[PDB]
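The structure under discussion appears below in the form of structure tokens.
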Amino acid sequence: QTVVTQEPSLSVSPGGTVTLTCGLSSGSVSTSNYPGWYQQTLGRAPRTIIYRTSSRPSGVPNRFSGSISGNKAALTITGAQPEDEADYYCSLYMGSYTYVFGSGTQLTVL
Amino acid sequence: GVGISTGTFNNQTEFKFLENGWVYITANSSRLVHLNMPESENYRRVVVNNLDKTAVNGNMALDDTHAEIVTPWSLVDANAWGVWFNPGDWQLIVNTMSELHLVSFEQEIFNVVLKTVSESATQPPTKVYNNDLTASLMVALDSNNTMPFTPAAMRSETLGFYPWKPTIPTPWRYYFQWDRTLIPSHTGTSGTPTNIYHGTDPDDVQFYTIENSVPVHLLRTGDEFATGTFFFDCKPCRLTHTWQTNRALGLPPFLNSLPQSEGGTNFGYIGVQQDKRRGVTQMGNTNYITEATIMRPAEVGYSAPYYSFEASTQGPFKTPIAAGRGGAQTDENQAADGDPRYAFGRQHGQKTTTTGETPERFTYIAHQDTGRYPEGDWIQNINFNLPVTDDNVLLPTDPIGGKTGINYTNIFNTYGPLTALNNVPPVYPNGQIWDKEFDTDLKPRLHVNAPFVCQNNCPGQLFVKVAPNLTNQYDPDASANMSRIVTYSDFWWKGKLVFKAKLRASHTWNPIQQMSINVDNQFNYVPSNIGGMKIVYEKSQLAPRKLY
Amino acid sequence: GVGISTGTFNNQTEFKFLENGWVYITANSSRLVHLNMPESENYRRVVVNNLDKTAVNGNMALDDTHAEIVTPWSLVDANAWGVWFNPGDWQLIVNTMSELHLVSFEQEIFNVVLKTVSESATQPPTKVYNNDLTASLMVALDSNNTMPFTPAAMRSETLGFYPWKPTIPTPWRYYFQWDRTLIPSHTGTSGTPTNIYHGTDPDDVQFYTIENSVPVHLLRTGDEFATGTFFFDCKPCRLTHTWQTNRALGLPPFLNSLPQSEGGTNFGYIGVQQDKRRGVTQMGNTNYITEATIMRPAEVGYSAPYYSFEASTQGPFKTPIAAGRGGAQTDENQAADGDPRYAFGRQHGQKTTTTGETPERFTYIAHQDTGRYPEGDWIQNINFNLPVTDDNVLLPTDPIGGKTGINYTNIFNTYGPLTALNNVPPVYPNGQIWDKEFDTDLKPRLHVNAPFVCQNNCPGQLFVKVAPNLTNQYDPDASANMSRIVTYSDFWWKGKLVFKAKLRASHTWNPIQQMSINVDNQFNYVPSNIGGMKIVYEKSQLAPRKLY
Amino acid sequence: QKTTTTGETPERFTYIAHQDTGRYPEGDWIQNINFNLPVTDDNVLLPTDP
Amino acid sequence: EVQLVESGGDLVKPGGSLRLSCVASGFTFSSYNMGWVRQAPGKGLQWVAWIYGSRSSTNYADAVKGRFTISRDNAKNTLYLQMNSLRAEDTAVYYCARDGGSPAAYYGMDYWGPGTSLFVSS
């Protein structure tokens with residue numbers, strides 16, 4: 001069974017740079033997986049931050065950048081703001097029409 | 001009747017020389033054809049599916065998924081060079097002739113024999129063969145070309161190349177429409193790439209049957225069938241190759257200094273600075289006039305994405321190319337895209353005494369120099385500041401898409417209004433002779449599988465079958481398979497292929513390349529001590545001709 | 001005279017059946033055309049400029065900058081399928097016919113009526129309409145094709161599709177030369193991209209006027225105008241589609257093992273290792289013979305950069321493609337590049353009782369399978385080591401130029417000498433019938449907007465105008481606008497379009513696709529309880545034909 | 001070339017045709033099949049993209 | 001513009017059935033692939049079902065195969081998720097997901113709805 005692994009928790013100081021990583025226990029993540037990054041706040045529905053590994057939906061601040069680093073997907077937040085503290089979830093397209101979701105990373109802005 | 005022959009065996013090639021250097025080449029080909037009664041008397045719609053093979057990431061090029069109608073009929077196909085010419089005839093043609101025309105085709109079936117097999121109940125196998133004088137052979141000539149065109153040479157399934165070796169027809173089948181999707185992957189892709197067969201589009205269904213489309217003749221032992229002469233309207237086929245690349249078109253530069261002593265190290269020099277020379281170039285922002293930048297009338301050959309696979313309604317297929325790779329003549333290991341590879345069995349040139357399912361294979365290297373050497377290609381900035389720097393030049397070693405094994409030449413297309421190219425050369429003995437033209441509104445400028453293309457039409461496919469020989473217990477209401485008396489046929493097929501050819505002329509002081517027997521290839525043309533024969537491939541466009 | 005009619009209303013389609021399966025289809029079309037006197041009696045050189053829209057980064061595709069000569073004349077255009085055929089006639093044509101020829105065209109204007117409007121000074125509006133028996137209608141037939149060709153079907157501005165609904169002509173205008181530069185950008189580009197309109201090149205100026213170029217006829221109430229019969233020289237138009245992709249060309253592989261039980265899970269198997277098979281391939285460095293690598297006569301369709309915009313002297317324009325997207329039939333949502341989208345008003349198929357400026361729209365999916373499925377394409381190394389690894393394969397998901405939304409297929413071109421494609425199918429009712437050929441030295445192989453192209457010429461454009469009806473206070477020296485009596489015209493236009501068509505034949509055991517009325521589309525062909533009519537689009541190439 | 005000139009330097013000129021069949025590649029671009037406007041960075045390949 | 005609203009979430013005993021309805025607005029519903037994701041109380045997001053193509057092809061996660069059915073009605077612009085044989089492990093907030101790529105799918109959830117809570121308890 002496909003398992004997506006990402007850091008359970010991460011921290012970043014205000015105005016700093018943080019990177020959340022999303023990998024596969026077996027295999028590597030590529031642009032063919034169409035990595036997507038979604039942000040969720042307490043008591044609110046998920047918000048799409050990145051799609052197709054690089055595309056942020058209109059209204060998403062430019063401080064969020066998606067890329068493929070090594071064999072994993074990377075979401076970099078530069079100049080992290082207090083409102084960026086949330087649960088970030090990674091979605092991998094596992095071929096055919098199957099989608100898998102990562103465990104999620106709780107990013108807290110100090 | 002029963003004891004009267006209905007035809008004569010003829011396998012002679014006649015060269016009747018005309019006035020003005022023209023010759024009629026009439027090749028006669030006679031074969032003994034053995035046919036078994038079909039495994040099934042019905043038409044089957046069979047889906048061949050190999051999703052297991054392509055489920056391995058990176059194996060999408062091995063896709064074999066398709067759908068075919070398997071028919072109870074067999075196809076008699078003589079559309080191969082080896083069916084008509086032996087190595088001596090081909091040598092004469094390729095050495096003494098400069099161009100070849102396809103004039104006419106005839107075929108006929110005679111001396112039909114039908115035999116039934118009676119197998120005894122004795123524990124050790126034992127059987128007898130009896131003449132069934134009232135049995136019939138069903139012969140259908142699709143002179144109207146109603147049935148799908150399925151040339152057998154592409155599958156190495158034409159008639160045998162040896163007059164004295166009995167041959168067989170190929171069971172006939174055609175493609176039925178299907179829908180298929182296959183997302184490409186590679187070793188290292190994670191997940192299961194989309195790989196499904198979607199079925200059939202009802203608007204594209206076309207179920208053909210020989211019975212409903214073609215008249216059928218029932219030939220008994222005393223009957224014969226003749227198709228009648230068909231006349232082609234194809235273009236001439238050149239038996240000469242062109243050697244001139246864009247670098248060898250037009251007037252060479254004048255050498256103001258010539259070597260004073262013979263030797264490989266002594267070179268003539270233009271004697272004028274490249275930026276001080278006179279001439280015409282298409283580069284309007286540079287004063288350099290060199291052999292690579294000077295204007296030429298047009299472009300010889302073209303570049304296309306090689307080993308590119310395009311996906312369509314029915315799956316992925318390789319993108320064809322008209323010309324072979326450049327440098328395959330300086331290095332035979334460079335033969336790849338555009339250099340056709342022929343694989344064949346013992347009927348069609350392989351050593352007849354070999355054992356195993358491994359076919360004999362050869363890659364054909366054409367003498368024409370219309371190919372490309374992508375390792376020597378490059379792109380550079382419009383500014384054209386020399387010597388060019390890193391960021392202003394895209395080289396064949398520069399990764400494209402982040403892949404170090406893919407460069408721009410792999411996705412590079414230079415076909416345009418200035419492209420000039422040649423038709424594919426004949427491939428002996430395994431190459432196809434003529435091919436039907438596509439029924440599209442806009443038609444391709446050439447075919448890569450046969451030197452002759454049928455503008456309007458070319459002779460109808462010949463289909464043969466053993467008429468059902470029922471037992472006394474036939475019941476059409478039964479869902480079980482029809483019970484037939486085991487029957488088979490042996491009939492003599494005779495064909496006449498007429499070409500018109502032009503005798504070559506000596507245009508230069510030096511002699512030209514000719515095909516000759518020598519110590520190395522001496523035994524490729526004679527049988528072994530046990531009768532083992534083979535037919536090795538021969539090149540056709542040996543002599544050169546000037547392109548410009 | 002005043003009280004004598006000069007023509008007859010005829011809107012009947014006649015099918016006169018000939019010998020050998022041919023039929024003459026003469027479509028008669030009669031309309032009542034209402035024309036108002038032009039807003040201005042002068043020619044205007046108007047520059048339309050929308051730099052505000054394209055100043056938004058990423059909106060360069062919405063460029064509308066151009067220059068047009070607006071003329072006081074109106075264009076009478078009947079170059080649309082709906083002007084000539086109703087759904088029943090189209091059903092008969094597309095179901096019973098296999099090919100269509102464009103034979104001839106005639107048009108005429110009769111029963112000219114000119115009325116002046118007198119508006120009273122009473123505070124509540126009130127007006128009367130009086131016959132101006134001496135007023136004239138100016139009619140110009142550009143039989144020499146001197147004026148620019150401006151077909152109205154591309155703007156949905158031909159005559160109405162309903163015989164009983166009066167229609168109008170479209171005000172005529174043509175393009176005047178201009179220079180424009182627009183550097184593309186995207187959401188996130190910093191700065192102001194270069195966006196200027198440079199004016200007009202004096203060497204390209206071409207100011208046309210109907211008066212100086214065409215004879216003009218003045219038609220009073222008792223006059224009529226007939227253009228005379230024009231005869232076309234176009235190519236035949238196929239009413240059949242091709243389904244065969246490169247994967248379905250030629251002889252299928254022989255299946256050594258066939259299924260023993262019917263069912264979707266039971267497949268036939270070739271029974272031979274892919275590297276031990278016999279056949280011909282263009283890959284000279286591999287022994288694999290599969291459905292994707294085996295040689296085919298040519299290529300069906302081609303790949304081109306889709307949604308690519310090329311900039312030229314006058315700005316950016318989308319690169320056209322001959323064929324639609326593959327997979328738009330398996331998934332209607334895949335219709336995009338090459339699948340024409342038609343937007344039209346209430347005159348040309350939209351529900352006549354609808355309110356608002358929103359047009360009725362539909363994307364046309366052709367039945368022909370010449371399209372491409374770029375998601376299933378890939379490139380790989382010449383070495384062809386299987387399974388292919390990451391660096392040796394460029395997939396449609398690999399970024400090109402560093403952009404994750406752009407892949408090689410977006411910039412991929414596979415057009416070549418082996419490409420075979422079909423002409424665009426007729427689009428009913430909103431599609432154009434015939435189009436003038438370009439006056440370039442090298443001409444395109446087809447047009448994407450009309451199935452018939454005018455090799456030499458096709459009938460001159462018909463222009464109508466209301467002759468100036470001056471008052472008693474006219475002063476040509478005054479710089480103010482000409483003062484005219486408010487005048488308008490109503491005249492009957494009758495046209496005859498003659499086609500030659502061939503009756504289709506049944507080639508296969510199975511039936512084919514036919515257009516039929518059913519419960520779902522039953523009310524698309526009849527008026528509503530208040531008279532609301534509509535004309536939904538119909539597909540033309542319903543029946544299949546074999547490509548090879 | 002001026003017949004009285006001295007030296008091996010030739011007279012040169014670039015010919016500009018009046019026909020407007022050429023292309024202005026700096027104004028070309030490619031973009032995604034989706035065609036969502038205004039187009040974003042990853043959905044457009046511009047002439048300035050390496 | 002693009003809005004998705006889920007409804008039908010309610011407390012249900014184990015082994016029951018429930019149909020979640022998702023109403024979409026601001027876009028052409030039939031032109032986009034839709035799906036259902038779910039997040040268990042205190043757990044991460046988990047993909048449940050996907051519906052794609054003009055033919056309404058459906059794919060399901062292994063945890064809901066045979067038990068869940070994803071369908072769509074383009075006339076009502078609605079997406080239906082019918083769950084049968086509901087288990088305690090199905091208790092979670094179910095989110096409507098819309099893919100923003102019609103002719104070229106993003107293969108990721110472009111838009112999300114507020115979600116509907118489903119509680120399975122005896």
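Note: hydrogens, waters and symmetry copies are ignored here, and every other heavy atom, side chains too, is used. Order of the sequence lines sets the chain letters (A, B, ...), proteins ahead of strands, with each chain counted from 1.
- Annotation: side chain of C:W22 is in contact with side chain of C:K502 (closest heavy-atom distance under 4.5 Å).
- Atom-to-atom distance recorded for C:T313:OG1 and C:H198:NE2 is 10.0 Å, nearest 0.5 angstrom.
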Begin from the C-alpha positions of C:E106 and C:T229 and carry the test side chain to side chain donor-acceptor pair (under 3.5 Å) through to its verdict. CA-CA 5 Å; C:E106 305 152 32; C:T229 316; 3.3 Å; yes

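- For the residue pair C:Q314 / D:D20, no side-chain donor-acceptor distance below 3.5 Å is found, with atom types taken as modelled.
- Judged by distance alone, the side chain of C:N50 and the main-chain N or O of C:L62 form a donor-acceptor pair under 3.5 Å.
- Scanning for side chain to side chain contact (heavy atoms under 4.5 Å, CB included) contacts around C:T209 gives C:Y43, C:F207, C:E211, C:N212, with sequence neighbours left out.
- In this structure the side chain of C:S74 reaches within 4.5 angstrom of the side chain of C:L35, judged on heavy atoms.
- Other residues, nucleotides and ligands place more than 12 heavy atoms under 6.0 Å from the CZ atom of C:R173.
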Could you please spell out the steps behind the side chain to side chain donor-acceptor pair (under 3.5 Å) verdict for C:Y306 and C:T409? CA-CA 8 Å; C:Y306 47 104; C:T409 59; 2.8 Å; yes

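- Qualifying side chain to side chain contact (heavy atoms under 4.5 Å, CB included) partners for C:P429, counting only residues two or more places apart in sequence or in other chains: C:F161, C:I535, C:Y537.
- Within the 4.5 Å cutoff, the side chain of C:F225 has heavy atoms near those of the C:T227 side chain.
- Taking each heavy atom of C:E437 and C:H447 in turn, the nearest pair found is OE1-CE1, 3.0 Å.
- Here the side chains of C:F309 and C:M60 are not in contact, with every heavy-atom distance at 4.5 Å or above.
- Outside the 6.0 Å centre-distance limit, the rings of C:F499 and C:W84 are not counted as a close aromatic pair.
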Before giving the answer on salt bridge (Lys or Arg N to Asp or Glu O under 4.0 Å), spell out for C:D64 and C:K53 the whole-Å C-alpha distance, their side-chain angles and the decisive distance to 0.1 Å. CA-CA 9 Å; C:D64 276 321; C:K53 187 70 68 171; over 6 Å; no

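- Between C:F344 and C:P359, the closest heavy-atom pair is O-CB, 3.2 Å.
- Atom CG of C:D201 sits about 7.5 Å away from atom NE2 of D:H18, to the nearest 0.5 Å.
- Checking side-chain atoms of C:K494 against main-chain N and O of C:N28 turns up no donor-acceptor pair under 3.5 Å.
- Note: C:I365 CD1 to C:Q329 CD = 8.0 Å, rounded to the nearest 0.5 Å.
- Rounded to the nearest 0.5 angstrom, C:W434 CH2 and C:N79 CG are separated by 4.5 Å.
- When the shell of 6.0 Å around CZ of C:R445 is examined, it contains more than 12 heavy atoms from other residues, nucleotides or ligands.
- Two rings, from C:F85 and C:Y428, have their centers 6.0 Å or more apart.
- Contact check for C:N195 versus C:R180: side-chain heavy atoms found under the 4.5 Å cut-off.
- When C:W73, C:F149, C:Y208 are each tested for a ring pair (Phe, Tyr, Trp, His ring centres under 6.0 Å) with C:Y174, only one passes: C:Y208.
- Remark: the backbone N or O of C:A311 is paired with a side-chain donor or acceptor of D:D28 at under 3.5 angstrom.
- Of all heavy-atom pairs between C:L51 and C:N49, the closest is N-OD1, 2.9 Å.
- Of the N and O atoms on the side chains of B:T319 and B:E310, at least one donor lies less than 3.5 Å from an acceptor on the other residue.
- With hydrogens and angles ignored, the 3.5 Å screen pairs no side-chain donor or acceptor of C:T242 with any backbone N or O of C:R545.
- Side-chain rings of C:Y342 and C:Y364 stay apart, their centers remaining 6.0 Å or farther from each other.
- With no hydrogens or angles considered, a side-chain donor-acceptor pair links C:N449 and C:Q432 at under 3.5 Å.
- Of the N and O atoms on the side chains of C:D63 and C:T65, at least one donor lies less than 3.5 Å from an acceptor on the other residue.
- Rounded to the nearest 0.5 Å, atoms OG1 (C:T150) and NZ (C:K436) are 12.0 Å apart.
- In this structure, the side chains of B:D439 and C:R238 come closer than 4.5 Å at one or more pairs of heavy atoms.
- Every residue two or more places apart in sequence or in another chain that forms a side chain to side chain contact (heavy atoms under 4.5 Å, CB included) with B:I294 is listed here: B:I289, B:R296.
- For D:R23, the CZ atom is densely surrounded, since the number of other residues' heavy atoms within 6.0 Å is greater than 12.
- The minimum heavy-atom distance linking C:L421 with B:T440 is given by the pair O-CB, 3.4 Å.
- The shortest side-chain heavy-atom distance between C:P169 and C:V33 falls under the 4.5 Å cut-off.
- Shown here are the side chain to side chain donor-acceptor pair (under 3.5 Å) partners of C:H217, two or more places apart in sequence or in another chain: there are none.
- Here the shortest heavy-atom pairing between D:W29 and D:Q31 reads NE1-OE1, 2.9 Å.
- Of the inter-residue distances, the one linking B:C234 atom SG with B:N456 atom CG reads 9.5 Å to the nearest 0.5 angstrom.
- Side chain of C:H241 to backbone of C:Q541: a donor-acceptor contact under 3.5 angstrom is found.
- When every heavy atom of C:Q347 is checked against every heavy atom of C:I168, the shortest pair comes out as OE1-N, 3.7 Å.
- The backbone N or O of C:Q177 lies less than 3.5 Å from a partner atom in the side chain of C:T200, making a donor-acceptor pair.
- A donor-acceptor pair under 3.5 Å links the side-chain atoms of C:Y302 to the main chain of C:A322, judged by distance alone.
- Shown here are the side chain to side chain contact (heavy atoms under 4.5 Å, CB included) partners of C:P305, two or more places apart in sequence or in another chain: C:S308, C:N413, D:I30.
- Outside the 6.0 Å centre-distance limit, the rings of C:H101 and C:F232 are not counted as a close aromatic pair.
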Given salt bridge (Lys or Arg N to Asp or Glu O under 4.0 Å), test B:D441 with C:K235 step by step and report yes or no. CA-CA 9 Å; B:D441 287 282; C:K235 330 174 139 82; over 6 Å; no

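- The number of heavy atoms from other shown groups lying within 6.0 Å of CZ (C:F317) is above 12.
- In this structure a side-chain-to-backbone donor-acceptor pair under 3.5 Å is present from C:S540 to C:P426.
- Not counting sequence neighbours, the partners of B:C454 by the disulfide (SG to SG under 2.5 Å) test are B:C458.
- For the pair C:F230/C:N457, a side-chain contact is recorded, criterion being any heavy-atom separation below 4.5 Å from C-beta on.
- Listed for the C:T167 side chain is a donor-acceptor partner under 3.5 Å among the backbone atoms of C:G160.
- With C:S312 contributing its side chain and D:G22 its backbone, the two residues share a donor-acceptor pair below 3.5 Å.
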